[PDB]
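Undergrad: Here it is, the structure in full.
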Number of protein chains: 2
Amino acid sequence: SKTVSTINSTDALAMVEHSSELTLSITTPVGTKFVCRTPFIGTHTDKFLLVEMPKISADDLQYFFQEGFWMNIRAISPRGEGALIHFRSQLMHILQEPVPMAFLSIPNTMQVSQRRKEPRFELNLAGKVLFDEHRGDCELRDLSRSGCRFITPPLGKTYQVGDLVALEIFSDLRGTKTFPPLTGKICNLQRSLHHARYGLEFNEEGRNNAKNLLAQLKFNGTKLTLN
Amino acid sequence: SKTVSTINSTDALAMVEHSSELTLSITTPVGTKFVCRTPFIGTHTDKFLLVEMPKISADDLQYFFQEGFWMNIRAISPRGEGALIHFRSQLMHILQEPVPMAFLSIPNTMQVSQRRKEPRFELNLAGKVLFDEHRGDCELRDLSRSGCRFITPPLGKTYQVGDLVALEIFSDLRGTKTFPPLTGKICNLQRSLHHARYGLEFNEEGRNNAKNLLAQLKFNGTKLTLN
């Protein structure tokens with residue numbers, strides 16, 4: 001159900017809401033175990049992870065919360081069905097003024113357990129959605145190896161969960177031609193009179209064409225674009 | 001289109017993503033105005049709002065960024081159509097170590113500019129959704145003076161945008177009786193094989209039974225409850 005992978009810390013931490021609770025698990029040099037919880041404050045650029053200083057005892061601070069100690073930290077994300085972010089960081093500084101705060105290092109990567117088994121790439125590619133012999137307009141919004149997200153004019157033809165559609169995405173900026181079709185079934189949808197969005201899960205052929213389409217796209221840093 | 005209201009700061013800031021950009025506007029006693037932007041780091045409880053030190057001259061820090069100076073701030077929220085949060089804060093401390101940070105006061109309330117015109121209250125009340133004489137199970141998840149959000153079991157009959165339905169919410173813990181119907185039009189829906197959620201807008205009398213239902217409810221700090 002949950003897939004775990006290694007993600008760069010910036011993207012990992014962007015999934016965590018500021019003020020949410022962090023669970024810090026510490027093991028001292030002699031192996032003494034200690035756990036404490038405290039709110040996440042935020043991050044300064046990529047230099048430090050700031051947390052509210054936990055209310056621990058003087059002995060706790062002395063034996064378990066020393067600058068230089070490394071520790072395992074768990075953070076939660078409430079997005080979708082929810083995800084867990086696990087990483088290891090070193091306690092760098094403790095400030096009592098102007099408010100109690102602890103500064104932890106930000107590692108290069110973190111382990112994320114989430115429901116999505118793979119990433120989805122953002123993009124904006126116009127095309128047509130074929131269903132029951134009829135075509136409507138659509139715009140591809142994200143694409144993964146196994147599916148995609150697309151939107152349509154809210155007043156056009158609507159689709160239902162389970163419907164089998166084929167997305168013919170324009171290969172050129174002139175409309176006319178289209179990449180080999182992305183075929184699959186409607187997995188989810190969100191609609192109103194203002195919006196119509198759909199999550200699609202490809203079938204074998206659709207996966208084949210997705211890989212093909214993806215390969216013909218050039219990245220532009222944040223999104224994929226025609227090329 | 002955008003409605004402005006005054007919200008407690010904890011809730012307003014929860015709408016802002018850590019690391020997002022803040023726009024700081026400062027006016028000196030002689031009327032010199034300065035505007036700069038810098039990333040929001042987070043907040044320590046309700047004591048301070050932390051931001052990365054804006055990249056500005058000694059000149060500008062001297063005339064516009066002194067401890068004690070007041071400034072009006074604008075933050076962004078990406079939720080839904082997007083929202084703006086405006087508030088006034090006093091610069092309390094500037095720290096250079098271990099990283100450059102400015103500590104601002106957190107006012108009790110903030111002004112939020114958003115698309116929703118009124119608040120929606122969370123709850124969990126079981127009931128039935130009546131449509132063409134048929135009754136499907138449902139759970140009311142939020143309620144406002146003008147509408148509500150409800151979900152149904154995934155295998156339940158699905159409603160379409162524009163459908164006129166009536167929510168018969170159980171008034172007692174044993175089913176049996178219900179509150180006067182919350183009648184209205186399906187405004188939006190999100191659906192998959194495993195979830196079915198709906199946003200509903202009340203008609204005139206429906207708005208009346210919503211007020212009447214609400215008033216018959218007991219508040220419990222976080223959500224409303226029966227009895």
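Chain lettering (A, B, ...) mirrors the order of the structure tokens, residue numbering begins at 1 for each chain separately, and ligand numbering begins at 1 in order of display.
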Please build the interface table for chain B against chain A with a cut-off of 7 Å, listing for each qualifying residue the nearest atom pair and the distance in Å to one decimal; count only C-alpha atoms, order rows by chain and increasing number, and write it as JSON lines.

TA:
{"residue": "B:18", "atom": "CA", "partner": "A:18", "partner_atom": "CA", "distance": 5.8}
{"residue": "B:41", "atom": "CA", "partner": "A:42", "partner_atom": "CA", "distance": 5.0}
{"residue": "B:42", "atom": "CA", "partner": "A:42", "partner_atom": "CA", "distance": 4.9}
{"residue": "B:43", "atom": "CA", "partner": "A:41", "partner_atom": "CA", "distance": 5.6}
{"residue": "B:44", "atom": "CA", "partner": "A:41", "partner_atom": "CA", "distance": 6.1}
{"residue": "B:52", "atom": "CA", "partner": "A:44", "partner_atom": "CA", "distance": 6.4}
{"residue": "B:161", "atom": "CA", "partner": "A:192", "partner_atom": "CA", "distance": 6.3}
{"residue": "B:187", "atom": "CA", "partner": "A:192", "partner_atom": "CA", "distance": 5.9}
{"residue": "B:188", "atom": "CA", "partner": "A:192", "partner_atom": "CA", "distance": 4.3}
{"residue": "B:189", "atom": "CA", "partner": "A:191", "partner_atom": "CA", "distance": 5.6}
{"residue": "B:190", "atom": "CA", "partner": "A:190", "partner_atom": "CA", "distance": 4.2}
{"residue": "B:191", "atom": "CA", "partner": "A:189", "partner_atom": "CA", "distance": 5.4}
{"residue": "B:192", "atom": "CA", "partner": "A:188", "partner_atom": "CA", "distance": 4.4}

Undergrad: Just write the chosen residues, N, CA, C and O atoms, as a PDB file, in the first residue's frame.

TA:
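Writing done, so here's selection-v9.pdb:
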ATOM      1  N   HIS B  18       5.101  27.081   4.838  1.00  0.00           N
ATOM      2  CA  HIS B  18       6.416  27.491   5.288  1.00  0.00           C
ATOM      3  C   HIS B  18       7.295  27.681   4.049  1.00  0.00           C
ATOM      4  O   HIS B  18       7.077  27.037   3.017  1.00  0.00           O
ATOM      5  N   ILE B  41       9.763  31.615   7.585  1.00  0.00           N
ATOM      6  CA  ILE B  41      10.376  30.375   8.061  1.00  0.00           C
ATOM      7  C   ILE B  41       9.285  29.575   8.792  1.00  0.00           C
ATOM      8  O   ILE B  41       9.021  28.415   8.456  1.00  0.00           O
ATOM      9  N   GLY B  42       8.666  30.210   9.783  1.00  0.00           N
ATOM     10  CA  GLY B  42       7.625  29.574  10.569  1.00  0.00           C
ATOM     11  C   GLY B  42       7.367  30.410  11.812  1.00  0.00           C
ATOM     12  O   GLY B  42       7.784  31.580  11.859  1.00  0.00           O
ATOM     13  N   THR B  43       6.684  29.831  12.796  1.00  0.00           N
ATOM     14  CA  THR B  43       6.366  30.516  14.053  1.00  0.00           C
ATOM     15  C   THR B  43       6.700  29.631  15.256  1.00  0.00           C
ATOM     16  O   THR B  43       6.602  28.389  15.164  1.00  0.00           O
ATOM     17  N   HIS B  44       7.112  30.246  16.361  1.00  0.00           N
ATOM     18  CA  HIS B  44       7.337  29.477  17.588  1.00  0.00           C
ATOM     19  C   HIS B  44       6.044  29.713  18.361  1.00  0.00           C
ATOM     20  O   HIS B  44       5.745  30.867  18.713  1.00  0.00           O
ATOM     21  N   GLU B  52      13.400  34.890   7.163  1.00  0.00           N
ATOM     22  CA  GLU B  52      14.808  34.970   6.834  1.00  0.00           C
ATOM     23  C   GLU B  52      15.074  36.470   6.696  1.00  0.00           C
ATOM     24  O   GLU B  52      14.199  37.217   6.262  1.00  0.00           O
ATOM     25  N   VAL B 161     -23.589  17.115 -10.444  1.00  0.00           N
ATOM     26  CA  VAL B 161     -23.660  18.558 -10.226  1.00  0.00           C
ATOM     27  C   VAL B 161     -25.038  19.049 -10.678  1.00  0.00           C
ATOM     28  O   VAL B 161     -25.508  18.672 -11.748  1.00  0.00           O
ATOM     29  N   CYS B 187     -23.204  21.150  -5.750  1.00  0.00           N
ATOM     30  CA  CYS B 187     -22.354  22.157  -6.355  1.00  0.00           C
ATOM     31  C   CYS B 187     -21.040  21.562  -6.888  1.00  0.00           C
ATOM     32  O   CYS B 187     -20.493  22.014  -7.902  1.00  0.00           O
ATOM     33  N   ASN B 188     -20.533  20.551  -6.204  1.00  0.00           N
ATOM     34  CA  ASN B 188     -19.290  19.938  -6.624  1.00  0.00           C
ATOM     35  C   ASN B 188     -19.170  18.536  -6.061  1.00  0.00           C
ATOM     36  O   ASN B 188     -19.880  18.184  -5.126  1.00  0.00           O
ATOM     37  N   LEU B 189     -18.309  17.712  -6.658  1.00  0.00           N
ATOM     38  CA  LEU B 189     -18.116  16.355  -6.158  1.00  0.00           C
ATOM     39  C   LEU B 189     -16.732  15.861  -6.498  1.00  0.00           C
ATOM     40  O   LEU B 189     -16.110  16.345  -7.442  1.00  0.00           O
ATOM     41  N   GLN B 190     -16.247  14.915  -5.704  1.00  0.00           N
ATOM     42  CA  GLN B 190     -14.937  14.301  -5.918  1.00  0.00           C
ATOM     43  C   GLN B 190     -15.297  12.855  -5.750  1.00  0.00           C
ATOM     44  O   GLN B 190     -15.894  12.496  -4.747  1.00  0.00           O
ATOM     45  N   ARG B 191     -14.932  12.028  -6.725  1.00  0.00           N
ATOM     46  CA  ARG B 191     -15.333  10.634  -6.712  1.00  0.00           C
ATOM     47  C   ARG B 191     -14.274   9.672  -7.243  1.00  0.00           C
ATOM     48  O   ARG B 191     -13.520   9.995  -8.156  1.00  0.00           O
ATOM     49  N   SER B 192     -14.263   8.473  -6.682  1.00  0.00           N
ATOM     50  CA  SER B 192     -13.373   7.397  -7.125  1.00  0.00           C
ATOM     51  C   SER B 192     -14.094   6.124  -6.713  1.00  0.00           C
ATOM     52  O   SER B 192     -15.248   6.174  -6.253  1.00  0.00           O
TER      53      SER B 192
END

Undergrad: Give me the residues near residue 212 of chain B as JSON, numbers by chain, where near means some atom within 12 Å (using only C-alpha atoms) and where sequence neighbours in that chain fewer than 2 positions away do not count.

TA: {"B": [143, 144, 145, 171, 179, 180, 181, 182, 205, 206, 207, 208, 209, 210, 214, 215, 216, 217]}

Undergrad: Can you tell me, as a ChimeraX atom specification, what residues are no more than 9 Å from segment 4-9 of chain B when counting only C-alpha atoms, ignoring any on the same chain fewer than 3 positions away?

TA: /B:12-14,46,87,106-115,117-118

Undergrad: Could you write those residues out with N, CA and C atoms, as a short mmCIF file (atom, residue, chain, number, x, y, z; two decimals), in the first residue's frame?

TA:
data_model
loop_
_atom_site.label_atom_id
_atom_site.label_comp_id
_atom_site.auth_asym_id
_atom_site.auth_seq_id
_atom_site.Cartn_x
_atom_site.Cartn_y
_atom_site.Cartn_z
N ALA B 12 -5.09 31.76 10.50
CA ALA B 12 -4.65 32.42 9.29
C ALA B 12 -3.30 31.85 8.83
N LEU B 13 -2.34 31.78 9.75
CA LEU B 13 -1.01 31.29 9.38
C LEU B 13 -0.95 29.84 8.95
N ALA B 14 -1.91 29.04 9.43
CA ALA B 14 -1.99 27.63 9.06
C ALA B 14 -2.24 27.56 7.55
N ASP B 46 2.99 30.91 19.77
CA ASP B 46 2.30 32.13 19.37
C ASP B 46 3.16 33.32 19.80
N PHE B 87 -1.53 41.24 7.65
CA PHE B 87 -1.48 41.48 9.09
C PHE B 87 -0.41 42.50 9.41
N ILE B 106 3.42 38.37 16.63
CA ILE B 106 2.28 37.74 15.99
C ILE B 106 1.04 38.41 16.57
N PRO B 107 0.32 39.23 15.76
CA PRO B 107 -0.89 39.92 16.24
C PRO B 107 -1.96 38.86 16.51
N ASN B 108 -2.97 39.20 17.30
CA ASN B 108 -4.01 38.24 17.63
C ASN B 108 -4.85 37.82 16.45
N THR B 109 -5.07 38.74 15.51
CA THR B 109 -5.90 38.42 14.36
C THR B 109 -5.24 38.91 13.08
N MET B 110 -5.74 38.42 11.96
CA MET B 110 -5.24 38.76 10.64
C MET B 110 -6.43 38.86 9.68
N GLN B 111 -6.24 39.58 8.58
CA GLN B 111 -7.27 39.75 7.57
C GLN B 111 -7.03 38.75 6.45
N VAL B 112 -8.03 37.91 6.18
CA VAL B 112 -7.91 36.95 5.10
C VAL B 112 -8.84 37.30 3.95
N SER B 113 -8.29 37.29 2.75
CA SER B 113 -9.04 37.55 1.54
C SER B 113 -9.11 36.20 0.83
N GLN B 114 -10.30 35.61 0.78
CA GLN B 114 -10.50 34.29 0.18
C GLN B 114 -11.83 34.23 -0.60
N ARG B 115 -12.01 33.15 -1.36
CA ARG B 115 -13.24 32.98 -2.14
C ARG B 115 -14.43 32.58 -1.28
N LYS B 117 -17.17 32.84 1.32
CA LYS B 117 -17.68 34.07 1.92
C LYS B 117 -17.96 33.95 3.40
N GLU B 118 -18.01 32.72 3.90
CA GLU B 118 -18.29 32.48 5.31
C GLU B 118 -17.58 31.20 5.74
#

Undergrad: Enumerate, as an MDAnalysis selection string, the complete set of residues in segment 12-196 of chain A that a backbone-based DSSP assignment places in alpha helix (DSSP H).

TA: chainID A and resid 12:13 58:64

Undergrad: Please report the interatomic distance between atom CA of residue 130 of chain A and atom CA of residue 156 of chain B in Å with one decimal.

TA: 27.6 Å

Undergrad: In terms of the shortest atom-to-atom distance over only C-alpha atoms, which of A:172, A:59, A:201, A:81 is closest to residue 226 of chain A?

TA: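 Nearest candidate to residue 226 of chain A out of A:172, A:59, A:201, A:81: A:172.
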
Undergrad: Please report the interatomic distance between atom CA of residue 61 of chain B and atom CA of residue 73 of chain B in Å with one decimal.

TA: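 Between these atoms lies a distance of 16.7 Å.
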
Undergrad: Could you check the closest approach to residue 71 of chain B for each of B:33, B:55, B:218, B:211 and tell me which residue wins, using only C-alpha atoms?

TA: B:33

Undergrad: Grab the atom CA of residue 85 of chain A to atom CA of residue 23 of chain A distance for me, in Å with one decimal place.

TA: 10.6 Å

Undergrad: Near residue 28 of chain A, within 9 Å and counting only C-alpha atoms, which residues show up once chain neighbours fewer than 2 positions away are dropped, as number ranges by chain?

TA: A: 26, 30-34, 63-64, 69-70

Undergrad: Identify, with DSSP run on backbone atoms, the residues in segment 108-213 of chain B assigned to strand (DSSP E), and express the list as number ranges by chain.

TA: B: 109-114, 121-131, 134-143, 147-151, 164-172, 175-178, 182-192, 196-202
